[PDB]
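Okay, so here's the structure we're looking at.
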Amino acid sequence: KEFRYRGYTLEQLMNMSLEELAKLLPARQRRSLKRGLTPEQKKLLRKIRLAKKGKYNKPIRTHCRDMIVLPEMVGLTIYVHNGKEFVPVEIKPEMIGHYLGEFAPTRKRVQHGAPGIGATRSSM
Amino acid sequence: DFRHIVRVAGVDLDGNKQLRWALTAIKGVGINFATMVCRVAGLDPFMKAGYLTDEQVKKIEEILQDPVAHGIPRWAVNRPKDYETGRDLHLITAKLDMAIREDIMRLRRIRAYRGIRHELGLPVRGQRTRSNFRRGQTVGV
RNA sequence: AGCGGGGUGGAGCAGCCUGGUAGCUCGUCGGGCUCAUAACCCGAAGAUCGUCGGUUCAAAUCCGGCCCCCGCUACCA
RNA sequence: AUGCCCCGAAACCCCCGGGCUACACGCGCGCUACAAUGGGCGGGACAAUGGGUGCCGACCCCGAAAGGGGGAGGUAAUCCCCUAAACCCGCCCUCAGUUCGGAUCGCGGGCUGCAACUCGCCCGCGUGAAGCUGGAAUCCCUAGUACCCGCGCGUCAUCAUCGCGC
Ligand code: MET
Ligand SMILES: [Mg+2]
Ligand SMILES: [Mg+2]
Ligand SMILES: [Mg+2]
Ligand SMILES: [Mg+2]
Ligand SMILES: [Mg+2]
């Protein structure tokens with residue numbers, strides 16, 4: 001019942017170089033990592049590593065909806081902007097390889113009301 | 001010799017069809033993969049399925065168990081780079097169905113966007129929904 | 001309590017005597033035609049048949065007891 | 001371009017993230033089909049208009065494909081895009097929701113870009129929805145015209161079921 005990503009445990013994924021990890025992700029993530037990180041993602045990664053070291057005991061909030069979830073981010077809680085607010089996301093091991101924005105929906109679910117005037121030919 | 005019904009891997013096959021088309025009744029085997037397995041097994045793809053012998057059926061099922069080990073390219077299987085073991089696998093029947101169900105369940109557990117779309121029964125791959133994809137009854141004004 | 005009658009889409013009848021769709025008018029929803037509304041034309045939803053059995057290859061109704069309803073009469077505590 | 005009225009430390013000027021892409025439903029214009037006046041596999045034929053230096057790229061090598069690494073010539077009647085499809089020949093299927101149809105979904109591989117989840121395009125294997133010719137109504141067209149078949153340019157870093165042309 002333990003977690004394995006390609007036959008590797010979480011600890012094995014922890015002790016992997018960034019280039020080595022990219023060979024296990026899908027094509028899109030591998031290309032994105034091969035081209036390097038944007039400066040904003042660099043700042044976010046610095047904050048995450050600082051929090052892991054035992055410092056920065058504050059909520060982590062970000063605008064970087066296109067950041068790829070990495071194995072070293074497992075166990076934290078991140079607040080991703082959805083357009084008007086930061087929603088909390090609890091990172092689980094099975095989230096490796098996905099963008100952050102996948103967990104912060106931007107639109108509200110639709111519940112339809114009664115059709116109005118002009119909705120049909122006879123109602124105009 | 002001729003048998004009007006032949007059972008392969010738990011599926012009954014027509015005996016009057018060509019082998020390449022007879023094998024497509026198995027869920028998880030298309031026309032191309034069937035031709036590949038027929039050529040690997042050293043059988044004429046155009047032979048009637050009703051002339052098979054027991055050893056040939058055994059060979060075909062063995063090939064279907066582990067196709068990669070028998071010379072089929074790694075890019076022709078229907079589940080390469082498995083999520084758990086990391087190997088290249090080919091699945092048929094029930095195992096295929098439960099693998100797909102497990103993938104969708106994994107998507108749903110983490111509350112990903114595609115998981116919500118699967119739950120609500122809405123298009124997943126970015127289609128527009130204002131005009132088409134209508135399945136219901138007209139509402140009156 | 002006795003006698004007679006029938007229960008058929010949301011409404012009103014065919015449908016049983018002569019067995020082969022559950023059919024006919026109104027109604028609800030949608031579309032046509034017109035610059036537009038009314039009139040007019042078209043399509044769809046809606047009664048698995050109100051329970052069992054006998055008949056029949058085939059009916060509900062042909063018949064039978066049950067479900068309740070309707071009408072007339074009897075009925076002096 | 002411009003009169004009047006308004007805002008004039010915001011209704012002006014920048015940056016980040018969202019939306020214009022939502023979805024019980026009504027409608028317009030189209031594409032793909034409902035198969036033999038066909039589907040698949042191998043082989044054989046014949047164009048025109050246009051465009052190219054922030055670009056078109058022959059030719060060689062690697063890869064199953066999408067693609068990748070070098071790179072002649074071209075500021076162009078000189079080099080390149082550029083050996084079209086419908087059509088013809090041979091074999092399989094024989095009236096069936098099928099060897100018809102290819103919507104929907106799973107896994108994997110790529111390109112453009114500062115960025116691909118919301119929300120891009122391409123490739124391999126798998127899966128296999130409605131649809132068996134369409135009521136009342138209603139549209140276009142008189143000759144190289146209508147029908148059928150592909151191609152070029154515009155938009156354009158990437159993206160054509162569109163517009164204008166051949
Ligand atoms: C009237 O006669 C009366 N007493 C009859 C019986 S009452 C239950
Ligand atoms: Mg009217
Ligand atoms: Mg729009
Ligand atoms: Mg086909
Ligand atoms: Mg996307
Ligand atoms: Mg047919």
Side-chain angles (χ1 to χ4, degrees), chain A residues 24-32 34-41 61-69 80-86 95 97-124, chain B residues 17-18 20-22 24 26-36 45-46 67 72-83 86 88-92 96-104 106-107 112-118 120-141:
Chain A
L24 308 183
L25 301 176
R28 169 77 271 182
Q29 282 68 27
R30 176 162 55 255
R31 178 186 171 95
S32 280
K34 189 177 177 182
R35 288 170 65 93
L37 279 65
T38 66
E40 306 294 329
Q41 299 169 4
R61 332 165 78 203
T62 179
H63 275 191
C64 299
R65 293 182 51 96
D66 61 335
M67 183 62 180
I68 295 178
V69 172
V80 187
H81 195 246
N82 78 330
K84 73 177 306 182
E85 60 197 15
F86 300 76
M95 293 184 175
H98 295 246
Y99 293 83
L100 286 181
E102 301 187 19
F103 311 101
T106 61
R107 298 187 185 90
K108 185 179 179 179
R109 180 180 171 181
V110 181
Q111 304 287 351
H112 282 295
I117 169 180
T120 57
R121 185 77 73 187
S122 305
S123 64
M124 295 184 59
Chain B
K17 280 182 166 57
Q18 298 172 352
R20 62 195 184 108
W21 284 109
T24 63
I26 307 173
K27 179 168 181 175
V29 172
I31 177 61
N32 292 2
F33 197 86
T35 308
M36 296 185 191
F46 282 72
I72 288 189
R74 297 183 175 271
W75 42 265
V77 305
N78 67 335
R79 189 172 183 85
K81 199 176 181 179
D82 170 69
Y83 187 90
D88 301 325
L89 305 178
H90 199 65
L91 307 183
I92 62 182
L96 172 69
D97 299 357
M98 65 180 183
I100 295 184
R101 192 185 308 108
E102 176 54 39
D103 291 335
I104 296 184
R106 176 190 308 113
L107 279 183
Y113 178 83
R114 294 166 59 197
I116 276 78
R117 301 301 287 190
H118 272 282
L120 295 184
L122 295 176
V124 185
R125 299 185 176 186
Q127 297 87 326
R128 303 278 195 94
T129 56
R130 185 179 177 185
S131 299
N132 299 327
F133 302 97
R134 292 191 185 186
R135 250 153 292 271
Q137 294 76 14
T138 163
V139 188
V141 176

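Sequence lines set the chain letters: A, B, ... in the order given, protein chains first and strands last, and positions in each chain run from 1.
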Do the six-membered rings of [N] and [M] sit on top of each other, with centres under 5.5 Å apart and planes under 30° apart?
N	M	answer
D:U104	D:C105	yes
D:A129	D:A130	yes
D:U161	D:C162	no
D:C132	D:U133	no
C:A36	C:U37	yes

| field | Value in whole Å for how far the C1' atom of D:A96 lies from NZ of B:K17 | value | 9 Å

Looking at the base of [N], is there any donor atom on it, or on the side chain of [X], that sits under 3.5 Å from an acceptor on the other one?
X	N	answer
A:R31	D:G113	yes
A:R28	D:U112	yes
A:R121	D:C27	no

With centres under 5.5 Å and planes under 30° as the test, does [X] stack with [N]?
X	N	result
A:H112	D:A24	yes
B:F133	D:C23	no
B:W75	D:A64	yes

Verify the contact: side-chain N or O of [X] to OP1 or OP2 of [N], cut-off strictly under 4.0 Å; return yes or no.
X	N	result
B:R125	D:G106	yes
A:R30	D:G110	yes
B:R79	D:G126	no

| Position toward the 5' end of RNA chain D (nearest nucleotide), B:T129 or B:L96 | B:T129

